[PDB]
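For reference, the chain that follows is the form deposited in one PDB entry, supplied as structure tokens.
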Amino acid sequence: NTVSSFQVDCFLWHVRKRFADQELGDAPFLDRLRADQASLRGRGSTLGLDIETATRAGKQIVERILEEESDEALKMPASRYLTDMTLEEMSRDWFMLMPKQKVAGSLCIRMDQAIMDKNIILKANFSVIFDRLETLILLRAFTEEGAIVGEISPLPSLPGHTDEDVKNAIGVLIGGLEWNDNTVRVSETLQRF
């Protein structure tokens, strides 16, 4: 497909662009770049296509090719690690005055019934794969003041958890926190996955 090719081309041009802006890039390289820029512009018009749009489309094609890569020398795993929490934040000391604990989906859910009227955000350190959650390592609930008042942790002593298991556990946690007019928010990385 002429269209598929063109998208890939606009995207690769874009990368050779950023490269030339990193101000590496020798003479004939900046020559080809200029020539390809003219070429693409006209191919754009002939195809009645929008370059910014077409660049975006080829980005998704190129992406899939790299994640598809079976070559050993170049292969990437790929699972990836997202950290919402600093190291200090994960291992930190916390206690509950009026503790509530609940195993669900191979996940241990905890919260302090005593806490009231706080604004709380849910931060999780966890791995993603294929644009969804793979393994949850830890998720903790923090008041505006950074105090920890809740935590969902994996139980490894028994089978693995889904991202379904996790999203459920969260919802169960928010709903417990809200009883005491706590307003509970969720990180933007927890929002996807």
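By rigid core we mean the largest C-alpha set that fits within 1.5 Å across both forms. In case it trips you up, residue 1 is the first one in the sequence shown, and so on. Only residues modelled in both forms are compared.
Keep in mind that the form deposited in another entry is not shown, yet the notes after this line are about it.
S.K.: Does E178 move appreciably between the shown form and the other one, meaning a CA displacement of 2 Å or more on the superposed rigid core?
M.R.: Where the cores coincide, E178 shows only a C-alpha shift between the shown form and the other one that is less than 2 Å.
S.K.: After the core is matched up, is the C-alpha of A169 off by 2 Å or more between the shown form and the other one?
M.R.: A169 C-alpha, core-superposed: shift of less than 2 Å.
S.K.: Do you see a C-alpha shift of 2 Å or more at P28 between the shown form and the other one, with the core held fixed?
M.R.: Indeed, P28 is displaced by 2 Å or more.
S.K.: Quick one: in the other entry, is the Cα gap between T83 and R64 smaller or bigger than here? Answer closer or farther; it shifts by 3 Å or more.
M.R.: The answer is farther, because the C-alphas of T83 and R64 separate from each other in the other entry by 3 Å or more.
S.K.: Relative to what we see here, could you say if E63 and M85 have their Cα atoms closer or farther apart in the other entry, with a change of 3 Å or more?
M.R.: Farther apart, by at least 3 Å.
S.K.: With the rigid core superposed, can you list, in sequence order, the 3+ residue stretches whose C-alpha atoms all shift 2 Å or more between the shown form and the other one?
M.R.: Three-plus residue runs displaced between the shown form and the other one: 1-76, 157-159.
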